[PDB]
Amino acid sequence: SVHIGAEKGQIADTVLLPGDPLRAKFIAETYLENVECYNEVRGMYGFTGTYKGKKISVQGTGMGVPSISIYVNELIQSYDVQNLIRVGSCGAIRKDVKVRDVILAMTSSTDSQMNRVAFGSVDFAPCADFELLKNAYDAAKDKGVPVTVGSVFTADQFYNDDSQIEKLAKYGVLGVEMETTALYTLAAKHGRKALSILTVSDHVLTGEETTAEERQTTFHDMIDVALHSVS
């Protein structure tokens, strides 16, 4: 394909999709065996290894709906990827989402226009694949990793002047990131399975920041949950 430099076969059925190519590299080297770099196009790294003798690829997506839209589409159409699990971070916008919680996005809201372009007068609500979602839930509970399930917001603009997250906070929406809507929409469009697992980077509404050691513990929890979600 155009944005991915793999050959036939270099990419597994199941892909983790972190935002940051350097987290992709870090995840591949830390949790996966017999690792290969199959893509260095644009510095957006893709690696394939094995976890408990199952093939698993890890492809950085970049930030924003357009970036992930390109890689999801090309992972699906050109490499027949079946399961797409995003593993990133979001900004918590409610007091009750706690800094160690691992979030499983059931659906996403958005101020992207990608779906108004498609459906016009329809509000399209992207849906996670429940099968994936459920395995991710049970893998969390099993170990007793704390976990929260609900909706997120897919922002188009990180530094938003007209930010309505204060309203979305009052409808139960959990946090803001910039990718989920695009993942779920394209996955669904193509008959593939998708889920987003998010850790809390900060609390947006009180400025309050997570420490580097909490972030590091929840990240581990996230990747680990993810790794037992398929089947």
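Between two forms, the rigid core is the largest collection of C-alphas that superpose within 1.5 Å. We number the residues from 1 along the sequence you see.
The rigid core fit leaves 199-207 as the farther-lying stretch in 8 other deposited structures of this protein, judged by Cα positions and set against 199-207 and 30-38.
Larger average C-alpha displacement in 8 other deposited structures of this protein, relative to the shown form after a rigid core fit, is seen for 162-170 when comparing 188-196 with 162-170.
Stretch comparison (170-178 versus 31-39) by mean CA B-factor in the PDB entry places 31-39 on top. Looking at 64-72 and 158-166 together, the entry lists the larger mean B-factor for 158-166, computed on C-alpha atoms. In the deposited entry, the Cα temperature factor of residue 126 places it in the lowest third of its chain's modelled residues. In the deposited entry, the Cα temperature factor of residue 192 places it in the lowest third of its chain's modelled residues. In the deposited entry, the Cα temperature factor of residue 48 places it in the middle third of its chain's modelled residues. In this PDB entry, residue 88 carries a Cα temperature factor that places it within the lowest third of its chain's modelled residues.
Looking at the C-alpha B-factors along this chain, the one for residue 212 belongs to the highest third.
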